[PDB]
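Heads up, the thing below is written out as structure tokens.
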Number of protein chains: 2
Amino acid sequence: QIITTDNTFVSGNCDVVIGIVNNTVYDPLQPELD
Amino acid sequence: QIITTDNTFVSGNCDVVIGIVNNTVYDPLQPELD
Ligand SMILES: *[C@@H]1O[C@H](CO)[C@@H](O)[C@H](O)[C@H]1NC(C)=O
Ligand SMILES: *[C@@H]1O[C@H](CO)[C@@H](O)[C@H](O)[C@H]1NC(C)=O
């Protein structure tokens with residue numbers, strides 16, 4: 001699946017996780033631009 | 001319940017999916033953006 005807010009949830013800042021990596025997390029609302 | 005994008009997930013087109021029937025699916029964002 002494409003990585004977005006739909007299939008992921010946030011928890012804390014990034015320095016507390018060992019082995020964390022970076023990648024885009026698209027928000028479907030942005031293209032809508034309602 | 002009324003079929004909406006929140007309670008339904010999607011995977012693939014409805015050609016090879018056996019028995020699929022076409023029905024309206026309403027996105028809650030569109031009425032709010034009207
Ligand atoms: C993710 O990006 C932040 C900010 O650009 C950076 O500080 C961090 O090192 C990056 N993490 C990885 C795993 O590349
Ligand atoms: C449902 O059953 C009928 C009667 O056995 C059959 O003609 C039809 O093809 C079946 N539909 C599916 C999608 O299997």
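Just so we're on the same page: first chain in the structure tokens is A, next is B, and so on; residues restart at 1 for each chain, and ligands are numbered from 1 in the order they show up.
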Practice problem: Compute the set of protein, DNA and RNA residues whose minimum atom distance to ligand 2 is at most 9 Å, using only C-alpha atoms and all ligand atoms, and state it as a ChimeraX atom specification. | Solution: /B:18-20
Write to file, as a CSV table (one decimal), in the first residue's frame, the residues of the selection just made, with C-alpha atoms.
chain,number,residue,atom,x,y,z
B,18,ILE,CA,-16.7,-11.9,-9.4
B,19,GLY,CA,-20.3,-10.9,-8.6
B,20,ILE,CA,-19.6,-7.2,-8.0
Exercise. Would you give me, as a ChimeraX atom specification, the residues of chain A that come within 10 Å of chain B, using only C-alpha atoms?
Key: /A:1,6,29,32-34
Now that the selection is made, can you save its residues with C-alpha atoms as a short mmCIF file (atom, residue, chain, number, x, y, z; two decimals), in the first residue's frame?
data_model
loop_
_atom_site.label_atom_id
_atom_site.label_comp_id
_atom_site.auth_asym_id
_atom_site.auth_seq_id
_atom_site.Cartn_x
_atom_site.Cartn_y
_atom_site.Cartn_z
CA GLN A 1 0.00 0.00 0.00
CA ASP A 6 -4.96 6.46 6.35
CA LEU A 29 -6.80 15.98 1.76
CA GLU A 32 -8.48 17.86 -2.65
CA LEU A 33 -7.64 21.43 -1.55
CA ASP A 34 -11.21 21.97 -0.37
#
Exercise. Return as a list in words the residues of protein, DNA or RNA that approach ligand 1 to within 9 Å, with only C-alpha atoms and all ligand atoms taken into account.
Key: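 If we count only C-alpha atoms and all ligand atoms, the neighbours of ligand 1 turn out to be residues 14, 15, 19, 20, 21, 22 and 23 of chain A.
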Quiz item: What gap, in Å, lies between atom CA of residue B:24 and atom CA of residue B:2?
Solution: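 About the pair atom CA of residue B:24 and atom CA of residue B:2: they are 9.6 Å apart.
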Quiz item: Which neighbours of residue A:3 fall inside 7 Å, counting only C-alpha atoms, when residues of the same chain fewer than 3 positions from it are skipped, and could you give them as a PyMOL selection string?
Solution: chain A and resi 7+25-26
Quiz prompt | Interatomic distance (Å, one decimal) between atom CA of residue A:4 and atom CA of residue A:16 | solution =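 Straight-line distance from atom CA of residue A:4 to atom CA of residue A:16 works out to 21.5 Å.
The gap separating atom CA of residue A:5 from atom CA of residue A:27 is 6.0 Å, in Å to one decimal.
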Exercise. Would you please extract all helix (DSSP H, G or I) residues from chain A, as assigned by DSSP on the backbone, and give them as a PyMOL selection string?
Key: chain A and resi 5-7+14-16+29-32
Residues from last step as file, N, CA and C atoms, as a PDB file, in the first residue's frame:
ATOM      1  N   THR A   5      -1.600   8.872   5.778  1.00  0.00           N
ATOM      2  CA  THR A   5      -2.176   8.949   7.115  1.00  0.00           C
ATOM      3  C   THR A   5      -3.285   7.925   7.315  1.00  0.00           C
ATOM      4  N   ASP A   6      -3.852   7.398   6.226  1.00  0.00           N
ATOM      5  CA  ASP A   6      -4.962   6.461   6.347  1.00  0.00           C
ATOM      6  C   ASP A   6      -4.532   5.173   7.037  1.00  0.00           C
ATOM      7  N   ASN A   7      -3.313   4.707   6.763  1.00  0.00           N
ATOM      8  CA  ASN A   7      -2.833   3.428   7.272  1.00  0.00           C
ATOM      9  C   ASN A   7      -1.706   3.578   8.288  1.00  0.00           C
ATOM     10  N   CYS A  14      10.986  11.425  16.586  1.00  0.00           N
ATOM     11  CA  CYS A  14      11.658  10.370  15.834  1.00  0.00           C
ATOM     12  C   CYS A  14      12.947   9.868  16.477  1.00  0.00           C
ATOM     13  N   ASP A  15      13.517  10.589  17.443  1.00  0.00           N
ATOM     14  CA  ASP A  15      14.805  10.179  17.992  1.00  0.00           C
ATOM     15  C   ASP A  15      14.694   9.046  19.005  1.00  0.00           C
ATOM     16  N   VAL A  16      13.479   8.703  19.445  1.00  0.00           N
ATOM     17  CA  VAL A  16      13.310   7.647  20.443  1.00  0.00           C
ATOM     18  C   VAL A  16      13.186   6.262  19.830  1.00  0.00           C
ATOM     19  N   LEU A  29      -6.104  14.703   1.718  1.00  0.00           N
ATOM     20  CA  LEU A  29      -6.799  15.982   1.764  1.00  0.00           C
ATOM     21  C   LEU A  29      -6.062  17.072   0.997  1.00  0.00           C
ATOM     22  N   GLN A  30      -4.729  17.011   0.933  1.00  0.00           N
ATOM     23  CA  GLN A  30      -3.974  18.057   0.244  1.00  0.00           C
ATOM     24  C   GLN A  30      -4.350  18.154  -1.228  1.00  0.00           C
ATOM     25  N   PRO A  31      -4.338  17.068  -2.007  1.00  0.00           N
ATOM     26  CA  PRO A  31      -4.807  17.169  -3.399  1.00  0.00           C
ATOM     27  C   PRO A  31      -6.225  17.693  -3.520  1.00  0.00           C
ATOM     28  N   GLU A  32      -7.111  17.364  -2.578  1.00  0.00           N
ATOM     29  CA  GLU A  32      -8.479  17.864  -2.647  1.00  0.00           C
ATOM     30  C   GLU A  32      -8.510  19.385  -2.583  1.00  0.00           C
TER      31      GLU A  32
END
